[PDB]
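The structure under discussion appears below in the form of structure tokens.
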Amino acid sequence: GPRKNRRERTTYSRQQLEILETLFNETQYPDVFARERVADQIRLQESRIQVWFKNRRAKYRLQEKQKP
């Protein structure tokens, strides 16, 4: 689900998944301009959102076999 550790924007929101679905999709340029950007989307720190950037970005390995 939308969480890498335990914390999140709320009980369950797409924002947590936006950091990636938006960034990871926008481009493969993992730089301050990226994290600092999505940070305004989910309303989180620029350097903090980085930790969540792996939320979905990492799930890519799980869904690789999960989905049909």
Tilt relative to the chain, helix 32-42 - C-alpha long axis, 0 to 90 degrees, to 10: 80 degrees
Using alpha-carbon coordinates, inclination of helix 54-66 to the longest axis of the chain, degrees: 10 degrees
Translational D in µm²/s for segment 6-45 (Stokes-Einstein at 25 °C, 0.890 mPa s, Kirkwood Rh from C-alpha pairs): 237 µm²/s
Cβ-based charge dipole, the chain, positive-most Cα from 16, 47, 2: 2
P(r) tail fraction, the chain - alpha-carbon pairs more than 18 Å apart, %: 30 percent
In order through segment 22-30: 3J(HN,Hα) via Karplus (6.51 cos²θ - 1.76 cosθ + 1.60), integer Hz, x for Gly, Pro: 8, 6, 2, 7, 3, 4, 9, 10, x
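Throughout, read-outs are computed from the coordinates displayed, never taken from laboratory work. For neighbour counting, all protein chains shown are included, and Cβ atoms are generated from backbone atoms with ideal geometry for every residue, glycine included.
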